[PDB]
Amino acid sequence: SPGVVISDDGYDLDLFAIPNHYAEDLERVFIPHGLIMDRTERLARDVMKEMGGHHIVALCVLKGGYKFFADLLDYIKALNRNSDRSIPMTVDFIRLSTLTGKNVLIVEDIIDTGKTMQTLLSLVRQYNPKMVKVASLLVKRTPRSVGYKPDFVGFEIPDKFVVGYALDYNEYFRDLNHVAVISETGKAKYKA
């Protein structure tokens, strides 16, 4: 499954709640915060359906997108809360030999080209894990794609630079809970 597909055919900024200091820094809102949560909940169910059998090593990729790792884990925890079974789980943050013979879940916020995840997978596999599966919230339909496709995808978004929820721009838009396309005004205002 390609996940929730958003074609090239989001929302107007006036239809949702937006921080006033970001009003001119955004073009449109692609994915409202609540829509992310609902999809993330289903993602957690998909993961726990196949991977959630026993002990899980959930790896968060750093840096950028910790909010998605936190929310995904909460939904996963909520499922364990009603499983009639005490299930242990390892939670760590990649940027070692603990992964050997484990069910590893790599969690990423966004995959653009796919170079990051391809490098990361070719390194985790250098050890001896039972299996490595990757769950990503966002996946760009970009011509810059190397070809990689995650095992779990939340949203498939157009090839536009997005901010909000878990994605920041020079450590801005962290208080922005919606996934939104940055504008040239915001891109320039928050330049490093």
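Sequential numbering from 1, following the sequence displayed.
What is the count, as a class, of unmodelled deposited residues between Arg81 and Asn82: none, 1 to 3, 4 to 9, or 10 or more? Gap between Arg81 and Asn82: none.
Interval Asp9-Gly10, deposited residues with no coordinates in the entry (none, 1 to 3, 4 to 9, 10 or more): In the deposited sequence, 1 to 3 residues between these two have no coordinates.
180 to 188 set against 165 to 173, stretch whose average Cα temperature factor tops the other in the entry: Of 180 to 188 and 165 to 173, the stretch with the higher C-alpha B-factor average is 180 to 188.
Should the higher mean CA B-factor in the entry be assigned to 153 to 161 or to 126 to 134? Higher mean C-alpha B-factor: 126 to 134.
At the C-alpha atoms, which of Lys140, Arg39, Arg144, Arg45 reaches the highest B-factor in this entry? Within the set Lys140, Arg39, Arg144, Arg45, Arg144 shows the top C-alpha B-factor.
Identify, among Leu62, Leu35, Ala70, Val29, the residue whose C-alpha carries the highest B-factor in the deposited PDB entry. If I rank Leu62, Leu35, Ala70, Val29 by C-alpha B-factor, first place goes to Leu62.
Would you check the entry's CA temperature factor for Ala58 and let me know if it's in the chain's lowest, middle or highest third? According to the entry, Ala58 has a C-alpha B-factor in the chain's lowest third.
Once the chain's modelled residues are ordered by C-alpha B factor and cut into thirds, is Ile76 in the lowest, middle or highest one? Ranked within chain, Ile76 CA B lands in the lowest tercile.
Among all modelled residues of this chain, ranked by Cα B factor, put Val107 in the bottom, middle or top third, i.e. lowest, middle or highest. Bottom third by C-alpha B-factor.
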